[PDB]
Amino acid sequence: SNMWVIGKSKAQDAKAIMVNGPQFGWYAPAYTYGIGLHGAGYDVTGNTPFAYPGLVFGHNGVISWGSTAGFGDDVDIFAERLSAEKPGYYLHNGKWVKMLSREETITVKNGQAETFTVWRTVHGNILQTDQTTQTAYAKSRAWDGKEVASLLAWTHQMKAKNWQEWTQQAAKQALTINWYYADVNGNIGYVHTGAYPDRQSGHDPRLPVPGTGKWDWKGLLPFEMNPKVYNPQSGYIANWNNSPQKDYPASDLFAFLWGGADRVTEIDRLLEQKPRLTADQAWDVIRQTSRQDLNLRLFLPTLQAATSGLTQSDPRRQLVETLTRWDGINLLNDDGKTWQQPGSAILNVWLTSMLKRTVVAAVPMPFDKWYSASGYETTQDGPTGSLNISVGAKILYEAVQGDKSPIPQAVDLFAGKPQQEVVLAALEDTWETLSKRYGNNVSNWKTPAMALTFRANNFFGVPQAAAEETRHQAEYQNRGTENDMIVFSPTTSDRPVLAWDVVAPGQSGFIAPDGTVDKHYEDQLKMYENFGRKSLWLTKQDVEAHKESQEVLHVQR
């Protein structure tokens, strides 16, 4: 998920601008739901996932809010101590404590019903994996017991009118989420919200800790510790699931890192490129980042160093010169199937081989597999989510930076050979692979573009519509499932705020019994494809003048 908030010092024809693209994957009907609420202290417009009571993306005419997942480490694992003699008990602080347990029965269509038990300790529910007669593992979340408070916090924040009021709500949201703020006056802000453990000294949170008591969390850290900034010197706030703040630690996931190589830099350059940006230019950052190859910037210099002294006719050299001429912005050919430039495929193959030759070779089987993906892998339907730099690639980047990396290279990923030799051999592989599939004339290579699919099964893999309701879009775009933009105090409009969003395929998922699809079942689908957007209305006046229908209900509780 990405987000850029632009403040008064950088906004042209406006005081502030907010552009959010949360990346939840693509589904039909739409992952988010458009809704406006007016009464009982609320006055809002925007769209929200699964129609939660609270809008994750929206504004109230005074401030605007958005989100990106934070990926802080808010989850640890305690190894509980069991004994065969006290089934269902575990040792905690010198005593055998009975586990919580409950019985569940899975009823099954055209099958037999199955009963099973679920177990829980003071540390969390027990994992059905890694189980022994002596040990069982409990998953501890810092947000445990605050799920419902986080939902309410996300609802009450919509009523805030300034930074103070909004942070008061941000403090009650316990999940690890980046929240963003903007207002009519041009102020902007960011808070890495969430509950985080106050761990014992010596607790390495990348690894499990004993459950017997001594390693228990001391409590949770106060909100003062949550990274935040109000009106930064830079005049903008950009995030793409990158690190919140200097020296802030990431999720313990082995596949997740915040390092020198990070896709957020791509947003940063476009925002620093021009002193001020208008709303239209802020919106165009979606299209540009959507299409930006994320590995080119990271490895071109290494690629250039390795080939700088080869003769003109060396094919390894030609492949690098091809990348040197490229801005890295992928575009479809008129066929609607291939990319204009073969750069990504060159990168994909080169990177894949480099990882095999470096990171993968240094790591013991089969953990080695965790570092082999290039980050381009996909299916005929296309990526299920965003595209990122792979763990392996990030580790390789620290290594090709040499002394410029603050990360000690405990082991030489290049195992004694000069880097150039290894880079070159990976380029040899790339040329052989690609030249046999496309022939020897790079200029006519027509490599397969990635496509995009709005799936009928939700993220869980569960049908949320019939199979034929699946929609396809030729061009994969590395962008939000939805995109919304709020522009405060626009100089060319009579309202103090303007907003836009796109909720594809449409607002409605309804199909009548006879198969008649609803009027708004598919009317945002083409708009998504061409980086278009529709206005979000807030005022009674704006809403009345764009009304298509109305119903008035009378009910008492």
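In this text, the rigid core denotes the largest set of C-alpha atoms whose superposition between the two forms falls within 1.5 Å. Quick note: we count residues from 1 along the sequence shown, nothing fancier.
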Fitting on the core, do the C-alphas of 121-129 or of 370-378 deviate more in 4 other deposited structures of this protein? 121-129
Aligning on the core, I want to see which stretch wanders more in 4 other deposited structures of this protein. Is it 87-95 or 181-189 by C-alpha RMS? 87-95
What stretch has the higher average Cα B-factor here, 171-179 or 311-319? 311-319
Tell me which of 137-145 and 91-99 has the higher mean C-alpha B-factor in the deposited entry. 91-99
Among 348, 289, 338, 390, which carries the highest Cα B-factor? 338
Between 434, 237, 264, 424, which carries the biggest CA temperature factor in the record? 434
Would you check the entry's CA temperature factor for residue 543 and let me know if it's in the chain's lowest, middle or highest third? highest
Where does residue 219 sit by CA temperature factor within its chain: lowest, middle or highest third? highest
Taking the values exactly as deposited, rank residue 494 by C-alpha B-factor within its chain and report the matching third: lowest, middle or highest. highest
Quick check for you: using the entry's CA B-factors within this chain, is residue 156 in the lowest, middle or highest third? lowest
By the entry's values, the third containing the CA B factor of residue 3 is the lowest
